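In: give the three-dimensional model of this entry:
(chains A, B and C, ligands or ions: 6)
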Amino acid sequence: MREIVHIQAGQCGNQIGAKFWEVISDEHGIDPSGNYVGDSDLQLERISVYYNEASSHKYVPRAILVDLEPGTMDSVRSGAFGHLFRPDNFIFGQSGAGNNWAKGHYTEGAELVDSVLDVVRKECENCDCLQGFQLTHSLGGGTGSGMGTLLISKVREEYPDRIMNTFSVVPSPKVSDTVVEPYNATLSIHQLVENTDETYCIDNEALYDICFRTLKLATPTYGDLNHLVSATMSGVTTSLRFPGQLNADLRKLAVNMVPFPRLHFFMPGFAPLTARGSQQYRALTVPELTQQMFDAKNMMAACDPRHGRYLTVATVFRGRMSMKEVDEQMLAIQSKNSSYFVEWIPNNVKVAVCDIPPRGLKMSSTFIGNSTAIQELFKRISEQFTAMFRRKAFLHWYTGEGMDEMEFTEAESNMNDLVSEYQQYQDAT
Amino acid sequence: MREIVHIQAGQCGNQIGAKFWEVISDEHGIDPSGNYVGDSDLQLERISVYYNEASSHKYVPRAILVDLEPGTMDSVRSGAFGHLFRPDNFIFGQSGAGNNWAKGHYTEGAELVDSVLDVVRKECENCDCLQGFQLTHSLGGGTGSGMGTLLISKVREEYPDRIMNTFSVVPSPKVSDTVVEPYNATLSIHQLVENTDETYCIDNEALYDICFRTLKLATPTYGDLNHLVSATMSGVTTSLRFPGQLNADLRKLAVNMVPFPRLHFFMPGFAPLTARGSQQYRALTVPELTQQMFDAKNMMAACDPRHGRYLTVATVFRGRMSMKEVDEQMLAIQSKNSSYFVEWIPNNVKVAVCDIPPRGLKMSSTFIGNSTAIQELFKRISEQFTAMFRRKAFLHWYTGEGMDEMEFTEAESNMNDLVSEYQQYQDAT
Amino acid sequence: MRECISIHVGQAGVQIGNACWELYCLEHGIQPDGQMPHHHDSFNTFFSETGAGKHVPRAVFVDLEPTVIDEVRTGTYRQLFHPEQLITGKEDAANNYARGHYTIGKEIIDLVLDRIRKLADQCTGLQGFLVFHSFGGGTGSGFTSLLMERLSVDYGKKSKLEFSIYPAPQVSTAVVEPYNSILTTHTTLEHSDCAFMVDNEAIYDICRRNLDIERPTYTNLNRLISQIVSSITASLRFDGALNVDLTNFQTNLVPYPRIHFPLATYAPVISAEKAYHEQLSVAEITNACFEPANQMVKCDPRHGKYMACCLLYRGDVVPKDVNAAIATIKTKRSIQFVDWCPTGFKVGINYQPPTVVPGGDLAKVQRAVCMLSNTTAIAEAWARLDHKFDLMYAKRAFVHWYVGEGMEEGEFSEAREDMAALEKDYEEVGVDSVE
Ligand SMILES: Nc1nc2c(ncn2[C@@H]2O[C@H](COP(=O)(O)OP(=O)(O)OP(=O)(O)O)[C@@H](O)[C@H]2O)c(=O)[nH]1
Ligand SMILES: Nc1nc2c(ncn2[C@@H]2O[C@H](COP(=O)(O)OP(=O)(O)OP(=O)(O)O)[C@@H](O)[C@H]2O)c(=O)[nH]1
Ligand SMILES: Nc1nc2c(ncn2[C@@H]2O[C@H](COP(=O)(O)OP(=O)(O)OP(=O)(O)O)[C@@H](O)[C@H]2O)c(=O)[nH]1
Ligand SMILES: [Mg+2]
Ligand SMILES: [Mg+2]
Ligand SMILES: [Mg+2]
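Out: Numbers count the residues shown, from 1 in each chain, chains lettered A, B, ... in the order given. Ligands and ions are numbered 1, 2, ... in the order given. Next comes the structure:
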């Protein structure tokens, strides 16, 4: 029951989804061929939430991988652990979006979302009781950004009374992967603010800092980055995937962390992160787990929480622990660290505890903070977009495929209004 | 309970500390790999004072080894008995202080002081009830004397209600290891006199004479020199690590040995010290232990006590003895040798007894005397500093990295003020 | 029916009590684990009786440092004590009166009083408290002075006996002993009923000559002090021809409200080999307890005068030769009484001979004498300590540790004038009275 439909967009979505399904199959004891090989029955107790049963006791993921360029699909099909996805779900075009929001939203988007919506409707009607949607993408690319936006809009139109999470790879401030980032970032963020429910912003430079400093890795790669992101996502889902002392669901998290309809940009974090050599010199316990959780250096978004106030915080533990210790340490953290907590939201900490530890670990924890440090990211993106649009660069290639400057002005106004409201609620008494 | 944090700065501190944790591990029966191997259960009764319990019954020392150059950490890490320290505590820079105080207190030490303090603070929270700090450094180097002072000032600003000890190695009159010794020593004492509860001063040639005429050694290397200091360092703490007839602790000594806030420069000592060949011709008993430690020949600081008067005296016995024998002789020593004891301090002797003898000995002790003869050491350093400062020799690489002439003339007036008050109490009636 | 509880404060109190409760468990035949293998009850006054055959002591062990309580928790007397009674802190007072009386000892006093109330309410015929504490320590001299201010308020008028450890003139461990002792005496002078003094140096000489030993560790001294403590409360637990309760000492040894400092004495103290060649009659153990070399405080009674006395015999003792021996003692001119005390003797005879612990230095005897004398000669002990305090305070040595830990410089002056008045009163009334 409570099935979740997973949608992956662009190269980043495809790679992150591949790592995510690797982690989920390892967690549920599913062989790469697609048949159960595990030992305990607690894995089989709730497997329909992500997987889907099929004849000869096979299990097929409920994922819909789609991207305009066929290279990622060919890679995921030819590589290992590609024998279990359903080929019908493999949807692709011929020519990529070319880092163009207009091309990804108005040119290939038409047919691509027609086919994707057909597949989505079939999967949903096959589902018994739909719980929500998951979409992993990037706000910097063309196909991922534009076509994920179109998919989100169509899914919102079709299923108004449903939840969906978006895992967005936000552009970095230091080094830009693409020259025209701000246009796509602004348009995508405007559309998401319009018609999404919750969004977990994830950066790349912050992940690289985490991997180099904490994990002590010399050559951090996209494999490790996607591993970290997938671990965070699995930690998020495990609360309803597995039984526990104090269960939590996606709707519970949304209710507890979203105080206002326009404030759903969270910062994720994971604990514990330790190097291979220095893992036997630490005592795994809730005190040190929370201590590692609640420091800025262990933040997956390139925003320093010391520059803002935590509007709300959620903490999903795993493994076996003591609720007395958990609540006592939460109270201690709140009392010692009151300065950067919002005064008019008393009791601004949500805690959930599961009962199944991750593979090869005694206990872990996932932290999700709705803070006011995203204001700086939105301000930086808005400033870059303002400069680029004022000098009118790269814009005739968004105007030449349907759009106009009215859309850009509206998106910039919406972004500025959002950041102003965010600051004004940070500085409220 | 009542655990202490060990901080080792400079090269001498790392070399002394590398031999200090050899004695503590042998006392508690801790294998070099880090797992308990001892037999008696009294050793493990109080292990949290120095060691830290980890996963799978592993013990990791509560030490923070830091030095500006990476040459010293290579030896301890790559050498034997370097498999038990935590790699996080190994903090080092790239370029040494170059025997400069300014390069270890303003320029290079400011880069590392924000990283070690994040490990000192982390160690305190995991600690149950902090007792105090222990610092081993040198007064003639650049990082041991410059940066070790910086750590003292910052720690004292965060834990005011704590007691810390400095096992400094004060320079020597006969030979100078570095040409610019007085500039570093004078500038460090001006800071150690303000943010330190007690300080144990140790010379180098006074350890050579002891190893020559008493231990009967012809070529005493630094391995046989730091071994003798470590025994004294481990004798102060042993009162709060093992049960005894008359217990003491770090705070208990500071009350008895420090009559005034500025007069806290002590002279340690040890007994028995006998050669390997000539240990069968002596009867190990209390009457000869007290006789051996009260002569000017057996003193680890090259200052003859006959030139001054003992203000207060401690005597931390070990082994198993009779309380009547101990208290009978310290009266005889005081009565027979009443000439060099201060008159306005009746009963200027503190005695404590433990119950666990040191490894390979029936009984031992440790002598700590707050004598007035230390005055003659500060008089000499202030004499050498004055001669160099008038000609402004070597001074222009201290002014070139932050400092100035006005700073020097205040660190020497304070030094001369202490000497004046260290003598007006010797002749006071 | 008659209940009294004992409080042990500091290391000296805990170590003494570790040997005192080894003696009570042997007199009443109580196994170390609380089970059982003049008597009809006996143990009811000290051992509260639980549902099963187990008896638990009415003791409250309190200390600030935990390095000595865990010795009791681990030692052979582990199953006896009630685990909730053993109260311990985090860090000691470090020989500081301020730390153990104003700042550190104030975070634990509320817990200690809870255990006292939970013990007094269970009993019905509570008589008084026994406090075992030192004088030169930090938590044995500053924390025990906080208990009397609180116990004397919750319980209005009850006898509060003490068993102190006076700092010896020559042999001494602490350096700030004159500071702790003067401050404690000035504060406990109003909330105490009778403070017995025992010196560490005097017992060294007693255990050296009479017992003929060479290595008298602290275990030997504590085994001898406990005999006096058990001799005082011998009439409570056993029948006798002439009983003496706890309140009898208050109205017989304290002529004035400020002069309540008797000094204990025990006899006979002989070795095992010397016991065979001695008759051990009543008429000579009385003589042995009166010689100046057998007193347990380093002061000679010859210099002073005996204000009052109290002899507590036990064993095979006839009430006739006790009178004859005492009458001879008064006639001897070595001792002398005060003019305003025509009668100065109080006797008490018990029917229980003293017991001997296994491996003890003392030998089995059938007679014993515990003499508690309130004499003027103790005034020389206050003068010596008052000179040490004035010597260090003139140069203001060690003061900065007390001032910065919750005290004012004026407190040291008040504690000095009080000891000057007490010393003056101890000789003004001990001198001859005109007319
Ligand atoms: N965390 C993470 N991010 C990635 C990874 N691979 C790519 N990205 C990000 O995703 C963006 C790629 O843009 P996409 O949306 O995939 O665009 P595309 O699929 O190449 O097609 P076009 O939009 O037409 O350019 C880059 O800017 C990267 O920052 C990855 O392996 N891990
Ligand atoms: N007792 C003892 N003293 C030592 C030993 N090794 C070095 N020393 C002393 O330590 C001093 C060295 O100065 P340090 O403070 O260590 O200087 P450093 O750590 O090399 O850093 P720089 O001052 O920048 O060179 C010398 O003057 C020696 O007297 C040792 O093994 N035992
Ligand atoms: N007779 C006797 N005296 C003892 C014994 N142990 C300690 N003392 C006395 O106690 C004195 C030390 O002061 P204490 O009150 O015991 O110190 P403490 O109880 O550890 O409390 P702190 O002062 O805070 O450390 C010494 O001078 C001894 O004379 C003992 O076993 N027997
Ligand atoms: Mg592409
Ligand atoms: Mg160096
Ligand atoms: Mg103590």
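In: residue C:389 against residue C:182, yeah?
Out: Yes: with contact defined as CB atoms under 8 Å, residue C:389 and residue C:182 form a contacting pair (4.8 Å). All C-beta spots, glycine's among them, are computed from the backbone N, C-alpha and C.
In: how many neighbours does residue 9 have?
Out: All of this is about chain A. Applying other CB atoms under 10 Å in any protein chain shown, we find 31 residues neighbouring residue A:9.
In: try chain C instead
Out: Neighbours of residue C:9 (other CB under 10 Å): 30.
In: where does residue C:252 land in three-state SS?
Out: Here residue C:252 is helix, with the state taken from DSSP: H, G, I helix; E, B strand; the rest coil.
In: check which helix or strand covers residue A:311.
Out: Taking DSSP states H and E as the criterion, residue A:311 maps to strand A:310-317.
In: counting by contacts, list what the helix or strand following that strand packs against.
Out: Downstream of strand A:310-317, the next assigned helix or strand under DSSP H and E is helix A:323-336. Judged by 3 or more CB pairs under 8 Å, 6 or more residues apart in numbering or on different chains; DSSP states H and E, the packing partners of helix A:323-336 are helix A:286-293, strand A:350-353.
In: tell me the first helix or strand C-terminal of the last one.
Out: The element immediately downstream of strand A:350-353 (helix or strand, assigned by DSSP H and E) is strand A:365-371.
In: any idea how far residue A:361 is from the residue in the stretch 101-250 of chain A that chain B sits nearest to?
Out: Closest approach between the stretch 101-250 of chain A and chain B, counting by CB to the nearest CB: residue A:216, at 8.6 Å. As for residue A:216, its distance to residue A:361 is 18 Å (criterion: CB to CB, to the nearest Å).
In: starting at the chain centroid, how far to stretch A:223-240?
Out: 9 Å (CA atoms, centre = their mean, to the nearest Å).
In: buried stuff in it?
Out: A:224-240 (16 or more other CB atoms under 10 Å in any protein chain shown).
In: where does residue A:74 sit: helix, strand or coil?
Out: helix.
In: ok, the spatially closest residue to residue A:256 that is not a sequence neighbour - contacts?
Out: Nearest non-adjacent residue to residue A:256, counting by CB to CB, 6 or more residues apart in numbering or on different chains: residue A:350, 4.3 Å away. Counting by CB atoms under 8 Å, 6 or more residues apart in numbering or on different chains, residue A:350 touches A:248, A:252, A:253, A:256, A:257, A:312, A:313, A:314, A:315.
In: pick the one among those closest to chain C.
Out: Of all these, the one sitting nearest chain C is residue A:315; the distance, using CB to the nearest CB, is 30.8 Å.
In: for chain C, which helix is longest?
Out: Using DSSP state H, we find that the single longest helix of chain C is helix C:409-428.
In: who touches that one?
Out: Residues contacting helix C:409-428 (CB under 8 Å, 6+ apart): C:182-183, C:185-187, C:189, C:256, C:258-259, C:376, C:378-379, C:382-383, C:386, C:389-390, C:393, C:399, C:402-403.
In: contact residues of the stretch 201-350 of chain A facing chain B?
Out: Proximity of the stretch 201-350 of chain A to chain B, by CB under 8 Å from any CB of the partner chain, involves residues A:277, A:278, A:280, A:281, A:282, A:283, A:284, A:287, A:288, A:291.
In: tally of neighbours for the residue of the stretch 151-300 of chain A found nearest ligand 5?
Out: In the stretch 151-300 of chain A, the residue that lies nearest ligand 5 is residue A:216 (25.6 Å; CB to the ion). Residues within reach of residue A:216, counting by other CB under 10 Å, total 15.
In: how close does the residue most central in space within chain C get to residue C:133?
Out: Residue closest to the average C-alpha location in chain C (CA atoms, centre = their mean): residue C:163, at 1.9 Å. Going from residue C:163 to residue C:133 by CB to CB gives 8 Å.
In: how about residue A:291?
Out: For residue A:291, the distance to residue C:133 equals 43 Å [CB to CB].
In: what ranges do the helices span in the stretch 251-400 of chain C?
Out: Using DSSP state H, counting those that start in this stretch, the helices of the stretch 251-400 of chain C run over C:282-288, C:321-331, C:379-394, C:399-403.
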